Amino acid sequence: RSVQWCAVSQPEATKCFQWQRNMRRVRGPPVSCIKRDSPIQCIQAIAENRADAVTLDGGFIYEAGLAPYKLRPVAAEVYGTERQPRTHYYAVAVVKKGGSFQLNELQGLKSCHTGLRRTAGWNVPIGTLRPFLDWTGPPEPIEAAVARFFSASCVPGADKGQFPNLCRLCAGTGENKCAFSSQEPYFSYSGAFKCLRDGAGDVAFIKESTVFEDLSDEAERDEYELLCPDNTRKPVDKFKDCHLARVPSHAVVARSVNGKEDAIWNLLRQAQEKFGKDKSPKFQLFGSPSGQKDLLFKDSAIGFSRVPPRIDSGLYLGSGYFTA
């Protein structure tokens, strides 16, 4: 009963079958592929024993750990470089150089977010910005307070009908507009950075590596800066002293009871050695096809680090903090 990986979209399922084929070719541990249409559908499938593993951003690790699911993080993604690896990242606010607006002066501007309920793209910035919002609190959806704070935004996964403003800057065509998938050009970290790069938004809520990885000409980095919580703007390489939060990396979650943790780890450990960073030219576990974003795992990540037993989502997440 090989590990059953859960894809949250068709392109992800396609990559999973490619991963599977390659594992077979190299005689490594097998990986089955189950296809679903959203992170919560994968979380449910796992809780239901219909799947075993799925990589999630912290905002979703939180949701996955709640009843009736109770999934726990078993393996964390590793970012940084081989010489300087790390299992954490920085939520940053990137802007075009030239402007004078600061973090406390975003009312009425345009924003680009990785996706609804994601760490760097939603939870941290919206949390940080709360003092500047006019949220009356529940039962009002915070999306309403946000849609009336920013004049227009691209928040992949937002309710187009209820909060049209949150999807207006999204580039997807037809029903793909504002999709929480690669169907939306402005989805995830790279998509949100593109939303800013293209000039659709004034600020992009992403991570520190995006700008360095997405510009094929290093000279273009000069066109960008970061909005610091102390209300100053600094170069994109100063993220350590200029970020909205430092948070633990995305992680593969599994069932807390009979979750097949040793199997999942053996699969990931081997998948990394054979198809990880600069390993096989035939398949890249951390690479996605043209126009697709972070299929299965974070594009350009470098490996995994096993999470010690009995650490639940709450405990895993407790390492993240926000500079409000």
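Just count from 1 along the sequence shown to find any residue number.
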Inset, instruction - Would you tell me which stretch averages the higher CA B-factor in the PDB entry, 78-86 or 110-118? - result: 78-86
Legend entry - Mean C-alpha B-factor comparison - 180-188 and 155-163, higher one: 155-163
Legend entry - Out of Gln272, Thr55, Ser38, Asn49, residue topping the C-alpha B-factor column of the entry: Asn49
Legend entry - Per the PDB entry, maximal CA B factor within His250, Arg221, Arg130, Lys194: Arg130
Legend entry - Chain-relative CA temperature factor third for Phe283: lowest
Inset, instruction - Place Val26 in the lowest, middle or highest third of its chain's C-alpha B-factors, as listed in the PDB entry. - result: middle
Inset, instruction - Check where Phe212 lands among this chain's C-alpha B-factors and tell me if it's the lowest, middle or highest third. - result: middle
Inset, instruction - Taking the values exactly as deposited, rank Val257 by C-alpha B-factor within its chain and report the matching third: lowest, middle or highest. - result: highest
Inset, instruction - Sorting the chain's modelled residues by C-alpha B-factor, tell me whether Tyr69 ends up in the lowest, middle or highest third. - result: highest
